[PDB]
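Here's work_14.cif, which has mmCIF, C-alpha atoms; chains and numbers go by the auth columns:
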```cif
data_data
#
loop_
_atom_site.group_PDB
_atom_site.id
_atom_site.type_symbol
_atom_site.label_atom_id
_atom_site.label_comp_id
_atom_site.label_asym_id
_atom_site.label_seq_id
_atom_site.Cartn_x
_atom_site.Cartn_y
_atom_site.Cartn_z
_atom_site.B_iso_or_equiv
_atom_site.auth_seq_id
_atom_site.auth_asym_id
ATOM 1 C CA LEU A 1 5.846 5.780 -13.769 0.00 1 A
ATOM 2 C CA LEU A 2 4.982 2.737 -11.611 0.00 2 A
ATOM 3 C CA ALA A 3 3.496 3.140 -8.108 0.00 3 A
ATOM 4 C CA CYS A 4 2.216 -0.394 -7.393 0.00 4 A
ATOM 5 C CA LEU A 5 4.477 -3.392 -6.680 0.00 5 A
ATOM 6 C CA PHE A 6 2.195 -5.352 -4.311 0.00 6 A
ATOM 7 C CA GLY A 7 -1.427 -5.888 -5.438 0.00 7 A
ATOM 8 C CA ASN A 8 -2.551 -7.131 -1.995 0.00 8 A
ATOM 9 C CA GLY A 9 -4.014 -5.776 1.273 0.00 9 A
ATOM 10 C CA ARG A 10 -0.925 -6.400 3.463 0.00 10 A
ATOM 11 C CA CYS A 11 2.074 -4.044 3.832 0.00 11 A
ATOM 12 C CA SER A 12 4.824 -2.869 6.198 0.00 12 A
ATOM 13 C CA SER A 13 4.719 0.898 5.428 0.00 13 A
ATOM 14 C CA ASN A 14 2.797 3.514 3.391 0.00 14 A
ATOM 15 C CA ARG A 15 5.216 3.144 0.435 0.00 15 A
ATOM 16 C CA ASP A 16 4.687 -0.653 0.594 0.00 16 A
ATOM 17 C CA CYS A 17 1.175 -0.197 -0.907 0.00 17 A
ATOM 18 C CA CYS A 18 0.029 0.581 -4.466 0.00 18 A
ATOM 19 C CA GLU A 19 -1.212 3.860 -6.000 0.00 19 A
ATOM 20 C CA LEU A 20 -4.873 3.037 -5.269 0.00 20 A
ATOM 21 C CA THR A 21 -3.765 2.591 -1.627 0.00 21 A
ATOM 22 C CA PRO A 22 -1.353 5.352 -0.431 0.00 22 A
ATOM 23 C CA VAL A 23 -1.767 4.350 3.252 0.00 23 A
ATOM 24 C CA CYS A 24 -0.558 1.346 5.245 0.00 24 A
ATOM 25 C CA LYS A 25 -2.211 1.082 8.680 0.00 25 A
ATOM 26 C CA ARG A 26 -2.420 -2.016 10.871 0.00 26 A
ATOM 27 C CA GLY A 27 -0.138 -3.705 8.290 0.00 27 A
ATOM 28 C CA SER A 28 -2.975 -3.389 5.753 0.00 28 A
ATOM 29 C CA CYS A 29 -3.065 -1.186 2.641 0.00 29 A
ATOM 30 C CA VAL A 30 -5.978 1.281 2.456 0.00 30 A
ATOM 31 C CA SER A 31 -7.063 4.256 0.304 0.00 31 A
ATOM 32 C CA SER A 32 -6.894 6.712 3.247 0.00 32 A
#
```
As structure tokens, how would this structure be written, given the file I've shared?
Amino acid sequence: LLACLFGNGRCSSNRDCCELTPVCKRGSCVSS
């Protein structure tokens, strides 16, 4: 069980973020 391989606020898709942040909008991870 590991849903977090980034640890930052920048991404390229929803799955590119961590568990605490299941959304990726504007190329930035967010918690919805």
Selection result of the PyMOL selection byres ((chain A and resi 9) around 10) on this file, as a PyMOL selection string: chain A and resi 6-8+10-11+17-18+21+24+27-30
Evaluate the PyMOL selection byres ((chain A and resi 2) around 10) and report residues as a ChimeraX atom specification: /A:1,3-5,18-19
The selected residues should be written to file as a CSV table (one decimal), in the frame of the given file (atoms: C-alpha atoms).
```
chain,number,residue,atom,x,y,z
A,1,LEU,CA,5.8,5.8,-13.8
A,3,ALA,CA,3.5,3.1,-8.1
A,4,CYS,CA,2.2,-0.4,-7.4
A,5,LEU,CA,4.5,-3.4,-6.7
A,18,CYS,CA,0.0,0.6,-4.5
A,19,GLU,CA,-1.2,3.9,-6.0
```
Padding 3 Å on each side, edges along x, y and z: where is the centre of the box around the listed atoms of region 10-28 of chain A, and how long are its edges in Å to one decimal? Output it as lines of an AutoDock Vina configuration file.
```
center_x = 0.2
center_y = -0.5
center_z = 2.4
size_x = 16.1
size_y = 17.8
size_z = 22.9
```
